[PDB]
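A single chain, nothing else alongside it, follows as structure tokens in the form deposited without the named molecule.
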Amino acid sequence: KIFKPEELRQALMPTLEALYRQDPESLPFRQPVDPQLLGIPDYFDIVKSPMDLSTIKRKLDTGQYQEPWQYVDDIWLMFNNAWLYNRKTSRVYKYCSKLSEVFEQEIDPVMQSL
């Protein structure tokens, strides 16, 4: 179906809030990564399409997702970036896995309703 932007926003936003409210796990994902500041110059060599919670929120607010799967894809892109760039024993890697689990429980019922 064609999705009215506000209908989408209303359905998806709670799932994004749930991730944002995961403390401390969501902390590393609330703002775009800044390799200059963080002193990790090689970040963009590894991560070709940066994504994060704030960017996803902005796209959601500005009606830039026409369909639910698009939002899901951005969520997974964010996760995959973190798993890719961070060692599997790192804090960020584990935070990422936790967010992944929270998302799964959140998104399933929502997708059905859409």
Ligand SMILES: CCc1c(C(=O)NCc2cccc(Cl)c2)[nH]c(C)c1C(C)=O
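So that there is no doubt, residue numbering starts at 1 and follows the sequence shown.
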Self-check item: Average Cα temperature factor in the PDB entry - higher stretch of 72-80, 22-30
Solution: 22-30
Practice problem: Please work out which of 82-90 and 60-68 has the higher mean CA B-factor as recorded in the PDB entry. | Solution: 82-90
Self-check item: B-factor third for the C-alpha atom of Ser49 within its chain
Solution: middle
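The same protein also exists as the form deposited with the named molecule bound; that form is not shown, yet it is the one meant from here on.
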Quiz prompt | Open or blocked, once the named molecule is placed by superposing site C-alphas in the bound PDB entry (3+ ligand atoms within 2.4 Å of backbone or C-beta means blocked) | solution = open
Practice problem: Name the single residue among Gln31, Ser49, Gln70, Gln36 that comes within 4.5 Å of the named molecule in the bound PDB entry, judging by heavy atoms. | Solution: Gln31
Quiz prompt | the named molecule in the bound PDB entry: contacted by all of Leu8, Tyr20 and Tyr65, heavy atom 4.5 Å | solution = no
Exercise. Considering only heavy atoms, tell me if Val92 and the named molecule come within 4.5 Å of each other in the bound PDB entry.
Key: yes
Practice problem: Using a 4.5 Å heavy atom cut-off, state whether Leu60 contacts the named molecule in the bound PDB entry. | Solution: no
Quiz item: So, in the bound PDB entry, is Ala82 in contact with the named molecule at a 4.5 angstroms heavy atom limit?
Solution: yes
Quiz item: Can you check whether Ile40 is within 4.5 Å of the named molecule in the bound PDB entry, heavy atom basis?
Solution: yes
